[PDB]
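Quick heads-up: it's one chain on its own, the form deposited in one PDB entry, in structure tokens.
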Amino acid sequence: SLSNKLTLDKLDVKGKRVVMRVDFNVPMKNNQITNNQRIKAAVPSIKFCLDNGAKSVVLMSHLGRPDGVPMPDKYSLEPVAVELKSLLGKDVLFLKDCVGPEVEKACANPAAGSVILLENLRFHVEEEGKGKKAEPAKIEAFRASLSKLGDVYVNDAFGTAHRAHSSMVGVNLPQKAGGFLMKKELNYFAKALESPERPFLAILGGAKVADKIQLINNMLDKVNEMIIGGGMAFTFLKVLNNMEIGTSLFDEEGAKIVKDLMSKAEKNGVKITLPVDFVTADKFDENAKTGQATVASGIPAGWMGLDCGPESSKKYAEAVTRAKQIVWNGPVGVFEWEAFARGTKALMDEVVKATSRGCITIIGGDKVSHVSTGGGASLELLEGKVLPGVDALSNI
């Protein structure tokens, strides 16, 4: 909801220093970024600021969960600065901290047009307001320091909008505006949820049932169809079909409530699509020996299902084909491992094809309508919850 919040499009930034919270919390391997989507997504906001004469843009974010200990050897934002420099065609000055005298001096009056990226906010216990306990006078000093780094604050950190952390809710500046990414994300989910195109399909995958209960319930009140996929589905199939599932994931708490989810699906007229066949593995390994199973065959003892199989992909494809809107959150298989990526890659293929014929296609965690930068924050929007990062924006 941004009708009564200040937004970047109406913020005057000419000759002003902008401190901007972003979600640059990007997947990483051996200090190489493996998905730069979250960095690219902040670009419109940054460039609007530069193009309208900001004196500076100070970007701040966390990365991973270093729990309030400075971990520059493992969870440094420095690779992001390098990546952002390409994206912008502008020098990015990387500061090895995010608060204190040195950072304050670097941000006091930078050369016109400067883009500055601070180090991981979570190197300070005062950001989360807890660590692996915070002191109010320390949290206050942390926040007072971030508040010096610009004249105006912008929150473009949609992916972190569910976290009531100091950089998200604690910044004390007269004007705190929602960025273009904040707006775009909220608009898309608001349209999808309040004015859906129909049939409305949700594809939900993931490992467990018990932590997805509220999500599933809230989705059942809005959708026409739901795919339940990923390791979750083994819980449903053991309960509903007494499928023999081997060593695959089994949610003992979620098993107890599958009856109730299906009851809600039924009274709402929601067609549930579960997988019907599987790619099995002999261990939880990328280079495990692999096989095949169906619901009817069962999964042989000692083996686990790590991807859906080809007939499940035809069934998932039936539901995609009928859809005019799709919201997909969670994997249907362990696609980080190529042997177990076919179900996900096939489903992505159908979803891309649906976008080509006019289907609204929303993915979370240009061949689709909207690739969300929010995993958890979007999961929170889908369960009907408030976003502290949005609430804390200044009102008009």
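The first residue of the sequence shown is number 1, and the count goes up from there.
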> Are any deposited residues left out of the model between residue 365 and residue 366, and how many (none, 1 to 3, 4 to 9, 10 or more)?
Replying inline: 10 or more
>> Our gap detector needs a label for residue 132 to residue 133. Which class matches the unmodelled residues of the deposited sequence there: none, 1 to 3, 4 to 9, or 10 or more?
In response: 4 to 9
> Comparing 26-34 with 354-362, which stretch shows the greater average C-alpha B-factor in the deposited entry?
Replying inline: 26-34
> If you average the Cα B factors in the entry, which is higher, 278-286 or 72-80?
Replying inline: 278-286
>> Sorting 151, 253, 104, 225 by Cα temperature factor from the record, which one lands on top?
In response: 253
> Per the coordinate record, which of the options 168, 319, 207, 261 holds the highest CA temperature factor?
Replying inline: 207
> Compared with the other modelled residues in the chain, in which third is the CA B-factor of residue 291?
Replying inline: highest
>> Quick check for you: using the entry's CA B-factors within this chain, is residue 249 in the lowest, middle or highest third?
In response: highest
> According to the PDB entry, is the CA B factor of residue 199 in the bottom, middle or top third of its chain, that is, lowest, middle or highest?
Replying inline: lowest
> How does residue 158 rank on Cα B-factor within its chain, lowest, middle or highest third?
Replying inline: lowest
>> Quick check for you: using the entry's CA B-factors within this chain, is residue 267 in the lowest, middle or highest third?
In response: highest
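The same protein also has a form deposited in another entry, omitted here; what follows describes it.
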>> If I split this chain into two rigid parts that move between this form and the one not shown, would residue 13 and residue 159 end up in the same one?
In response: yes
